[PDB]
Structures are given as structure tokens and as C-alpha cells.
Amino acid sequence: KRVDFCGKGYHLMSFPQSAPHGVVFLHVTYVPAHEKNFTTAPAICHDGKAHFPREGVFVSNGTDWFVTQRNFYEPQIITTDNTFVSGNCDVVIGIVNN
Amino acid sequence: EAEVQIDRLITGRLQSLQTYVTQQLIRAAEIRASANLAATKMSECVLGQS
Amino acid sequence: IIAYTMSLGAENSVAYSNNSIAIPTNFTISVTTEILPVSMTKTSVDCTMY
Amino acid sequence: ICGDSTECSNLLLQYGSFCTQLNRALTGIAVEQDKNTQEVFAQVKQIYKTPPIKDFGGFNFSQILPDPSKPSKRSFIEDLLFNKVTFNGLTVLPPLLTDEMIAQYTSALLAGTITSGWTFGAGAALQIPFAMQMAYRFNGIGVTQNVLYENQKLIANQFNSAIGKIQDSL
Ligand SMILES: *[C@@H]1O[C@H](CO)[C@@H](O[C@@H]2O[C@H](CO)[C@@H](O)[C@H](O)[C@H]2NC(C)=O)[C@H](O)[C@H]1NC(C)=O
Ligand SMILES: *[C@@H]1O[C@H](CO)[C@@H](O[C@@H]2O[C@H](CO)[C@@H](O)[C@H](O)[C@H]2NC(C)=O)[C@H](O)[C@H]1NC(C)=O
Ligand SMILES: *[C@@H]1O[C@H](CO)[C@@H](O[C@@H]2O[C@H](CO)[C@@H](O)[C@H](O)[C@H]2NC(C)=O)[C@H](O)[C@H]1NC(C)=O
Ligand SMILES: *[C@@H]1O[C@H](CO)[C@@H](O[C@@H]2O[C@H](CO)[C@@H](O)[C@H](O)[C@H]2NC(C)=O)[C@H](O)[C@H]1NC(C)=O
Ligand SMILES: *[C@@H]1O[C@H](CO)[C@@H](O[C@@H]2O[C@H](CO)[C@@H](O)[C@H](O)[C@H]2NC(C)=O)[C@H](O)[C@H]1NC(C)=O
Ligand SMILES: *[C@@H]1O[C@H](CO)[C@@H](O[C@@H]2O[C@H](CO)[C@@H](O)[C@H](O)[C@H]2NC(C)=O)[C@H](O)[C@H]1NC(C)=O
């Protein structure tokens, strides 16, 4: 888990190979690509309450707002199952209303 | 005997130079260890959360 | 043969904004190699012979 | 050893090669120093630049970002650090990387870590608002992002006061 210790990117596994006076490591790593721009908000005010994502982040393609995981684009509809509530929408700086 | 005197001077100066070089090598090894530690710290704590 | 001033690399201005992010949509898998010495030849020397 | 004397050179000649390996060791040391600096500092493929407008959720990085006013393009703390700290056949060789390039590396690193979080260390830098990066980092240590989003101003003020205190102490 320690970053950049073995391989550049998110580490997956490694394979050893013998050398005449040393060792050779083959590191397998995961590298994301083909990024896209999106609009973001930190929480959603619904019925006067504030909703935060359990795991993920809010995005929108112009409209309708979705929750995604942070390392791979996969939008899902926002539901009470993958969000949790905390207080009212009065102190968060950046609330959008959906 | 000028050769003898110059030989004494030569061996003294050569010994001093050898001592200086050895001390430099030891200090360089220590500095290299410190630099490796710095590189690891900067890779692990600046580019990510530890 | 041409002598020049070395370049630290390219330069880009990442589009920062307070309400915008960038999310990947695809991925690749890379295999990289690294090499590490672990040993050196074992040698022995005899005085009287030398 | 000899100081431009022919007889001394002739006498020293019969000691074999006591001088090739000395210079070899010194050159190895110098190359090692250059490699040390290069590997500790050069860790980004590109040179990032901070946006002209700076609204990082209330956090204030002005003391650490580079100052275009000064010729050296160094920050306040770097200038403080630089100001504070102080031939007979021997020579000193200049380092391969000059101070401006090192400052440029540090500036690029710091801009990248402010804007893109940790993403720029693996693939391509992806932008994200700073407050959300703080929320992720609190989520890292087992505290829900609720705490950050409910106490943004206090956290910003504490960070600014800490940076001012460290400035004054240094
Ligand atoms: C954003 O993505 C959503 C999700 O697909 C889009 O909503 C659907 O878009 C398709 C294609 O236009 C329509 O056939 C559906 O009727 C839409 N669903 C609903 C519930 O309206 C939306 O169009 C996308 N918006 C933009 C600007 O690309
Ligand atoms: C993010 O930045 C935008 C700048 O586009 C801020 O929008 C400004 O908000 C103030 C306060 O309502 C308005 O007076 C300005 O007219 C807005 N600027 C523009 C260009 O519309 C916004 O406040 C910032 N913070 C967020 C979105 O949380
Ligand atoms: C979310 O919905 C609420 C309720 O409609 C909006 O709050 C209203 O804001 C206007 C403008 O200040 C007031 O005149 C109303 O009295 C408010 N209604 C309330 C408090 O119930 C709110 O603006 C919406 N979210 C956003 C981001 O606009
Ligand atoms: C995301 O949005 C930006 C804003 O329009 C796009 O444009 C880039 O903006 C930055 C900052 O000004 C420039 O450095 C780039 O040259 C712009 N790209 C252009 C003009 O093609 C940006 O392309 C969008 N996409 C990504 C992946 O950032
Ligand atoms: C992600 O990238 C891979 C690799 O570029 C894409 O796979 C290629 O897709 C094209 C289009 O169908 C094919 O012609 C190639 O043969 C595919 N490559 C391989 C190695 O199979 C993939 O389509 C991309 N996925 C997305 C969602 O963009
Ligand atoms: C970040 O902190 C610096 C402290 O150095 C602020 O700069 C000071 O701002 C006050 C108010 O305008 C001036 O009276 C001081 O002379 C400034 N000091 C220096 C050294 O320039 C700066 O304003 C802060 N950033 C923001 C956005 O407020």
C-alpha cells in the first residue's frame, strides 16, 4: 500500500526473476486513462437535511446528478441507501439542491 | 640525500591524502543513506497519505 | 555537437476550479522492471604468496 | 604533492598508480552527489502551474507559493532559509542542477499537490476542489467528512495560525 515503493501506479502484484548477481522484479500496476470533466458538489440538501455519500462522490453531466466511485466512471442514481444524513443545509459551503 | 628528504616528504603527504580520501568516502556513504531516506519520505508522504 | 540548456520537462496549467473535477473512464495495465544487486564475488588473498 | 618540481615528479613516478584510484574515488563521489539530488527532487513528468485565481476554501498558501517579484522566484520561507544558513591543486566543481531548477521542481510539486491531490503521482493529474481533498484525507484517518464540512472556517483559521507561527519561529 505504500505509494511508489514498487512500481509507478496502484500496485497489483510482482514477480521475481533470478539474475547472475542480483534479482529482477516485474511489477504489475493499474493506470487510469481517458478522463472527463464534471461538475461537483459536496453535499445535497433534501427536505432541509444534508446528505453525504457513503463512499463515492457526486457528479453531473449537466443534469440529474449521480454518485460514482472515485477511480472509475460508473454513475448511479442517488438513493438513501448509499447516502447518510447530518444536520441541516445551513453551514456547508457549496450545498446544491436536488 | 635530497632524494631521501624528498622521499620522506612524499610519503608523509601521500599518507595525509589517503586519510582525507578515506574520510570523504565514509561521509559520502552516510550522506547517501540520508538522501535515500529523504527520497522515500518525499515519495510516501508528499505524493500520498501515509 | 550542440550545447544547450537542459529542460526540466513540458509545462501544463491544470484547469482548477472550485466546482469541477475530472474522473477517469478507462484504464491500462503496465508491467515494469527493476534490478537490484544482492551479492559480489567471494575473493581470498594470501600474504606470503603475494 | 610535488608542486611543479621535475625531480619530485620523477621520484613519485616509481610508486606505481597511487593516483588513478584516488581521482576515480573522487569522481565516483561527485557522480553520486549528482544522482542523489536528481533522484530526490526529479519526480514529476511535467511542470505544473497554479491558476491565477486562488480560492482554496479559505486556506492561505501565499507564504509558500513562489514570489514572481523576486528574481529568484523563491517563496518567503525559502528566502528565510537561504539567508539564515551561512587553491593548492584542489578545485570545487559546480552542481549539475542550479538553484532555480530545484525551486522550479518544488513549485511544480506543490502546485500539483494543491490542485490534483495525490492523483498526479500515479497517472495524469486530475483537478478537484481543495475542500473535497481535505474531506478525503479526513476519511483516510477514520473521521467522517461530516466533521470537516461542519467546521471548515475553524480548520482554516487553525492552519493559517500554525503557518504564521512556524514562519515567526523560523
Ligand atoms: C445525462 O445523463 C443522463 C443519463 O443517461 C441522460 O438522461 C437520459 O438521456 C437519454 C439520452 O438523451 C434519454 O433518452 C433519457 O430519456 C434520459 N433520461 C431521463 C430520465 O431524462 C441525460 O440526457 C444526460 N444529459 C446530458 C446533458 O448529456
Ligand atoms: C466558487 O467560485 C464561483 C466563481 O464562479 C463563486 O461564484 C460567485 O459567488 C458569489 C456569491 O454568490 C457571486 O457574488 C459571484 O457573482 C459568483 N461568481 C460568478 C462568476 O458567478 C462561488 O461562490 C464559489 N463557491 C462555491 C460555488 O461554493
Ligand atoms: C433548495 O430549496 C429551498 C426551498 O425551496 C431553497 O430555499 C429558498 O430560497 C429562497 C431564496 O433565498 C427563499 O426565498 C425561500 O424562502 C427558501 N425556501 C426555504 C428556505 O424553504 C433553496 O434555495 C434551494 N437550494 C438552492 C441551492 O437554491
Ligand atoms: C476541462 O475544462 C477545461 C476548461 O474549459 C478545458 O479547457 C482547458 O483549460 C485549461 C485551463 O485554462 C487549459 O490549460 C487547457 O489548454 C484547456 N484545454 C483545451 C483548450 O483544449 C479542458 O480541456 C477540459 N478537459 C480536461 C480533461 O481538462
Ligand atoms: C479502453 O481502452 C481499450 C484499449 O485501448 C479499448 O479496447 C479497444 O477497443 C477498440 C474499440 O472497440 C478495439 O478496436 C480494440 O481492439 C480494443 N483493444 C483491445 C486490446 O482489445 C476499450 O474499448 C476502451 N474502453 C473504453 C470504455 O473507452
Ligand atoms: C495570506 O496571508 C498573508 C500574510 O502574509 C496576507 O498578506 C497580508 O495581507 C494583509 C491584509 O491585506 C496586509 O496588510 C499585509 O501587508 C499582507 N502581508 C504581506 C506580507 O503581504 C494575505 O492577504 C493572506 N491571503 C488572503 C487571501 O487574505
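Residues numbered from 1 in each chain as written, not as in the entry; some residues may be left out. Chains lettered and ligands numbered in written order. Part of a larger assembly, values for the part shown. Heavy atoms only, no water.

**Q** Pulling in residues and values, what's your account of the interface of chain A and chain C?
**A** In this complex, chain A contributes 28 residues to the contact, which on the side of chain C involves 23 residues. Summed over both sides, the interface of chain A with chain C buries roughly 2,300 Å², with 57% coming from carbon and sulfur. Counting every contact that joins chain A to chain C gives 15 residue pairs in polar contact. For the side of chain A that touches chain C, the secondary structure elements donating two or more residues are strand 2 (22-39), strand 5 (57-59) and strand 7 (72-76) of chain A. No other element matches strand 2 of chain A, which puts 18 residues into the side of chain A that touches chain C. Of the residues contributing to the side of chain A that touches chain C, the split by class is 15 nonpolar, 11 polar and two charged. (Contact = heavy atoms within 4.5 Å. Buried area = accessible area lost by both parts, 1.4 Å probe. Polar contact = N/O pair within 3.5 Å; in protein donor to acceptor, adjacent residues only side chain to side chain. Helix = DSSP H or I, 4+ residues; strand = E, 2+ residues; numbered from the N terminus. Nonpolar A, V, L, I, M, F, W, Y, C, P; charged D, E, K, R; others polar.)

**Q** Describe the arrangement of the chains, with residues and values.
**A** Ranked by contact count, the leading pair among the five pairs of chains in contact consists of chains A and C. Structurally, chain B and chain C remain out of contact, their C-alpha atoms never closer than 15 Å.

**Q** Account for the environment of D:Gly121, naming residues and giving values.
**A** Position of D:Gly121 relative to the elements: it lies in the loop between helix 4 (99-115) and helix 5 (130-140). A sequence separation of 12 residues divides D:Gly121 from D:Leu109, and the C-alpha atoms of the two residues are 9.6 Å apart. When sequence neighbours within four positions are dropped, the list of residues in contact with D:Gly121 reads A:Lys8 and B:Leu47.

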